[PDB]
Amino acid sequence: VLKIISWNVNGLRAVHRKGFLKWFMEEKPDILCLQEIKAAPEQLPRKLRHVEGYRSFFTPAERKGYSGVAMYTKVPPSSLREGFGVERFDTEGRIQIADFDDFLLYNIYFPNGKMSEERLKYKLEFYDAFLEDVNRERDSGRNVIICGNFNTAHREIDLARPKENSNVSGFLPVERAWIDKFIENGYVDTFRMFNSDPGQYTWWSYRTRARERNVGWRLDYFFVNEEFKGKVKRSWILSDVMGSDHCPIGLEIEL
């Protein structure tokens, strides 16, 4: 079994100050995917770039201190691709696609659509660009694992206040429909394979102290292509790991 953890850390330097490395060394994932690092490698301490027993990969945005994704792994991939082949989507530090032979691992920080209509439109086009790429690979016979911050709660069970958020980016009908479509394209929301409970969230607003009252949203997911779903042994939420407004999520994969 291989353990993969995904975490939108909302600042890698920030979580580092809070004890990221202590947590990392206790949890011992085989592969760790991070989103929203808000750093390029040259701004990171050495102990963050060089972690014992892991190869690290950093894919920053062009804009300083914005977005960015990272991957640490005990076995290195045979390749790592950092975009879809579309400039506007490939320069925000949102995409790592690592080839582990048994599977391709997509580590994706999907755009947030809250700030503006243009950014909602960018988010939905990113979604489409993502789906084209992953389908190309799956069709070629590759098995695929996708984790990261999708920035959308899929169904009503996936946030504490569905009614109030019907017109808020993150629970818009159009966004929820893209996830339906993604699933209908042959992919499985792994957490829902094992847990059909409500109150299971991965993000809580800092602003209203939402975490202590568990007023959250499930924005972070592990998906696999349906042909690969038999190899998924566990999908869970690391609810109690603090340090970010998102908590980590986990996947156990056989082979």
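In this text, residue numbers run from 1 along the sequence as written.
Relative to its counterpart among 206-214 and 56-64, 206-214 has the higher mean temperature factor, C-alpha atoms as listed in the PDB entry. Of the two segments, 188-196 and 31-39, the one listed with the higher mean B-factor is 188-196 (C-alpha atoms only). Of the candidates 111, 85, 148, 93, it is 85 whose Cα B-factor is highest according to the PDB record. In the PDB entry, a CA B factor belonging to the middle third of its chain's modelled residues is recorded for residue 253. Annotation for residue 106: C-alpha temperature factor in the lowest third relative to the rest of the modelled chain, per the entry. Residue 143: CA B factor lies in the middle third for its chain, per the PDB record.
Remark: residue 153 belongs to the lowest third of its chain, ranked by C-alpha B-factor as recorded. The PDB entry assigns residue 71 a C-alpha temperature factor belonging to the lowest third of its chain's modelled residues.
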